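Following: one structure in structure tokens, then a few remarks.
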Amino acid sequence: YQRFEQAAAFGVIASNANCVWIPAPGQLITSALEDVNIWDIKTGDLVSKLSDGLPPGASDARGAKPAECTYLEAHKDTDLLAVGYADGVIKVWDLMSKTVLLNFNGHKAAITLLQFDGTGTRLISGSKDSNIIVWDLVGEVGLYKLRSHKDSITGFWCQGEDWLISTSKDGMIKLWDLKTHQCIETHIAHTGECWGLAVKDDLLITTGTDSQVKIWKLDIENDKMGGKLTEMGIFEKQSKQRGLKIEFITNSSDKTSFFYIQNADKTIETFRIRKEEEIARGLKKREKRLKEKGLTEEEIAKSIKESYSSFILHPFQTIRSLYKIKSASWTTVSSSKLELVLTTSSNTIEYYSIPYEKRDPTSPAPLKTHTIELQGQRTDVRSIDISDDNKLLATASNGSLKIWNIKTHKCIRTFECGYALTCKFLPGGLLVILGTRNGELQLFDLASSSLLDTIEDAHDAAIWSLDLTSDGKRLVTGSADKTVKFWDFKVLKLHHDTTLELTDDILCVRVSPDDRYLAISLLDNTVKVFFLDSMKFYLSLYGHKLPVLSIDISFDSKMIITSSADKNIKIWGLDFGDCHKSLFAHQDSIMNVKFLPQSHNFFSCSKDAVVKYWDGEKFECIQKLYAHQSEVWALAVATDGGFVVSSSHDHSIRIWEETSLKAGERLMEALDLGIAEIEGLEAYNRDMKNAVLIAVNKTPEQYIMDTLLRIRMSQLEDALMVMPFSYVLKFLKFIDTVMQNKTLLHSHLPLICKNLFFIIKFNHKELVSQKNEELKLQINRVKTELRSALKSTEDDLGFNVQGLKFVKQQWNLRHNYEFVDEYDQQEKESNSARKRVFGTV
Amino acid sequence: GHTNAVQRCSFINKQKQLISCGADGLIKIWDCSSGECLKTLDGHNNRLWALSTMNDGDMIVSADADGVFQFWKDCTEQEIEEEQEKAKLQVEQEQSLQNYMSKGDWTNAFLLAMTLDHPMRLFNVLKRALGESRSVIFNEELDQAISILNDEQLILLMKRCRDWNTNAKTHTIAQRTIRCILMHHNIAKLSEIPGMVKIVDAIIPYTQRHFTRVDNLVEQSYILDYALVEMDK
Amino acid sequence: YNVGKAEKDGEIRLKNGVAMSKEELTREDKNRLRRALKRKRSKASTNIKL
């Protein structure tokens, strides 16, 4: 067999990520699923498309859907783009070379935000897995992990190498000391989810779930054990929805600062920061207004605090966009005007400009200067078709019909149509015919670029499907009104010929290639096959548990496939209505199935974002295609069979073209290393009057002590037994040194005792025979403080036991009844005394 | 879900919720969207013939047949206000609690752990604070901090001392804390604290065992003497 | 007396006497302890087309 690969993928202008504006209005960088698009805002044409490689469907390509870009960040000075993907992988890209430079992998979920340091050598990444990691570009490594957060990182601020502020979806704002890798302060920003963070000098603003917005001062050098961040005051934005992003920009000439609170809805609310003189000016007048109103000074003082927020921030303007906004960025700041760029969820970019003078803007609403909408389509493409010439691809959606060029990948024409559901080319490729949901049928001509005819009452309900005879002179239309209607082409206008009424709703209608059969799907899960010429009922296929969504008939009019929402593809021998085999193809409803022309091989597409290449005669999946990120709604196959076109819910059109040591022994090495150093320092100190240890960062006393701990007790007595005598003197010299450090001695007193006394008992005879005076003194020293260290603990135990008896004795006095008769005292004590039951044999 | 006949039904919270009174004497608050019982209010012991509402049900008044009036008031936002404030305080204490250890301010960190009741962190405070002591009991500041402990905090601490005592690897931390308590608190008062005795009664038998041990460690240490006297010969 | 359950649901108490409040515990520890619990217990028309 021959392999299908993704030749090209287009129709996407902006996916679900942030947009980066780069000066030359300049260009824009936007996310297109697994690829990044560089546009020219002035012209509306693509500049360059960044594709890592490994085209989907190739053998070396992974058998999983590609990881989509989630965040973009570019360092203008160095011309680097670092791209975050939904798999947690950061790829540093060279804009000039348009190639991957570095590939960081340290996250387990989607990357949410990314931010270069000022110098552009260090990269900070926050991911949905709640971790902030700081990466080194020159070092190509992950330096340290900040893990205090308990949910996806919504925002963080780090402009100076000393300090880092972070937010998260769990409602915490946290401070981070970059030099310590630890969390210093913690405040609950908002009652629910804390989404936004923006910082200018001390001023800090964050957004919760509601319209409440908080103001904080950042006294970085406060250093009081608290209050480095304090709540200042709250103000309410107009929109009731959450605020995702906030960004500042300062006008150099007038030193004016502005910021916007990007909501979840179609509203962007801009703001101004008042100057210090303006605040004092405003304060003095307001005091007079309240003083004129006759309030007390104390109330006035409180009110100015209660009205604190009003003095700094001025609601400047609100941008209202037709389509839900996804992300935004300031573009240029000047005295004359303010410019913004944003992206929507409807696959478009919008450039908004705001002319303003002094306090308030000149216009009631912003001026929309540029828009990029030609090369993409707002609503999902519900049905597609390929012209017989295999040159023109028609894509029909709610509210619009566009026509594409397959070689060049550049749209030619656009038509405004109803809620499209099914579209097909008329023979010759000069006209297109469309099925609207409201029951209307539309006919368009490419050359005129205008709609020719409309049949408003073609059906009372949605025209779910539509098909043409091979001759192209008859049209079959299937609708939810439980009817099928045949239309003829007469010079061009459509004449209704006849109606066929059915018992149930109609979902698909397919006329066989030789124009002898008519297959009709229904909502009762039954496919009915008719004779086209005579309309005589022929067969009734049965066996889909859910309604059949698509049907197709082999080129030789022998095999007919049925694909249903019950996740099954059933291949039926048309001669007798026998089903050869039922395939459990996709994990979710299978939407469209098409035969490759001149063969029994066919393609299948479902909601699972997977397109599968099947083999008609052996009934096996030849290949699995994972390229789309979401539902694949429609599918088409070229008449030649050279390529297959799939369009999905992600607004993307894709073209598929055909091509060790044991206990005892470890202790000896520990003794040699530790005591070699201890003797080394002692000799060094006496005259004045290693790599392993520094790597673990432990003093020689500890290093050996830890190794003793690691030895399991069941091996400890045997481990010491193996030891030659020459190491015992080393071991005794160890305990001597441990005695000076009183902390270690009492931390591990019981262990030191058991090993020490066991060493002495085992090789007592050789120990005493030695005449070394220095050994005698060490046993003198090691003896004395061992008694004191033991006696010290023993003294504590003795004092407590006697006192606790006294306390027990004294309570037993006040509150315990006493019987003069001893027999009565016996019974009372037995009842009072604790009882425990034990199993007995 | 009503055990007996329902005699009143009223909408509250606009469409969201419904309240119903039954002969059982139980007032049940239902969720219209889900049809599930969010809350049950029980302030009567007989059938309820009257149920009046105000402010979308922010004030509810229900009558028992015997003649008992319950004047219910909505307090959801108030309870939410309380927990938010309590939560805001809790975060501050914890963040401070971690911060003190990194500096090592044991005298303060003991208080925060005692209030927050983190049995691990309290233990590490005493242990590494005790380590510094080796180089009256713990140190002057922290010993004072123990002395100020009230009746509730002593019981909680003595519970922690009891458990730590049972383990032979951590008893040394327990005994010194108990010693600090007897030396800086009125023994008369400790006896009268309810339940301290049952806590105390458990401490003694484990303490005696630890005394029998250690003593043998002193005893069995005299091998070093016998080693020395041999060497002198 | 034998060290048993935590009286407060939040706290976690082991047989060795080590006590643990769920608040202090870092997330990995909670998983590790939960796994440790696991092993200990084991031994004992529009919608369709669119």
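Counting begins at 1 with the first residue displayed.
Method on record in the header is electron microscopy, 3.7 Å.
Using N, Cα and C of the backbone, Cβ positions are placed for all residues, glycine too.
Per Swiss-Prot, repeat 'WD 1' is recorded for A:64-94. Tertiary neighbourhood of the repeat 'WD 1' (A:64-94): same-chain residues 15-20, 22-23, 29-36, 50, 52, 56, 100-116, 120, 123, 125, 127, 129, 135, 137, 609, 626-629, selected by CB-CB distance under 8 Å and a gap of 6+ residues from either end.
Residues 70-73, 75, 77-78, 80, 82, 84-90, 92, 142-147, 149-156, 158-159, 161, 164, 166, 168, 176, 178 of the same chain lie 6 or more positions beyond the ends of the repeat 'WD 2' (A:106-136) yet place their CB under 8 Å from a CB of it. The annotation repeat 'WD 2' is assigned in Swiss-Prot to A:106-136.
For A:148-177, the entry in Swiss-Prot reads repeat 'WD 3'.
Summarising the annotation, Swiss-Prot assigns repeat 'WD 4' to A:189-217.
Under DSSP, residues within the repeat 'WD 5' (A:376-405) fall into helix, strand and coil as 0 helix, 19 strand, 11 coil. Taken from Swiss-Prot, the feature repeat 'WD 5' applies to A:376-405.
The repeat 'WD 6' feature in Swiss-Prot is assigned to A:415-445. Counting residue by residue with DSSP, the repeat 'WD 6' (A:415-445) contains 0 helix, 19 strand, 12 coil.
Same-chain residues lying 6+ beyond the ends of the repeat 'WD 7' (A:458-488) with a Cβ under 8 Å from its Cβ atoms: 421-424, 426-427, 433, 435-441, 494-511, 513-515, 518, 520-521, 532. Marked as repeat 'WD 7' by Swiss-Prot: A:458-488.
Nonlocal intrachain contacts for the repeat 'WD 8' (A:543-573), taken as residues 6+ away from its ends with a CB within less than 8 angstroms of a stretch CB, comprise 507-508, 510, 512-514, 516-517, 519, 521-527, 529, 579-595, 597-600, 602, 604, 606, 614, 616, 619. Under the heading repeat 'WD 8', Swiss-Prot lists A:543-573.
Residues 1, 4, 65, 546, 549-555, 559, 561, 563-569, 621-641, 644, 646, 648, 656 of the same chain, all 6+ positions outside the repeat 'WD 9' (A:585-615), place their C-beta atoms under 8 angstroms from a C-beta of that stretch. Annotation source Swiss-Prot lists repeat 'WD 9' at A:585-615.
Sorting each residue of the repeat 'WD 10' (A:627-657) by its DSSP state yields 0 helix, 17 strand, 14 coil. The repeat 'WD 10' feature in Swiss-Prot is assigned to A:627-657.
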Tertiary contacts of the repeat 'WD 5' (A:376-405), as residues 6+ beyond its ends and Cβ separation under 8 Å: 10-13, 323, 346-348, 411-425, 427-429, 432, 434-435, 444, 446, 631, 633-640, 642-643, 645, 647-649, 651, 653
Helix-strand-coil residue split for the repeat 'WD 8' (A:543-573), DSSP-based: 0 helix, 18 strand, 13 coil
Intrachain residues whose Cβ lies under 8 Å of the repeat 'WD 4' (A:189-217), provided they are six or more past its termini: 154-157, 159, 165-173, 229-240, 242-248, 250, 257, 259, 261, 273, 308-309, 312
Summary of DSSP states over the repeat 'WD 2' (A:106-136), given as helix, strand and coil counts: 0 helix, 17 strand, 14 coil
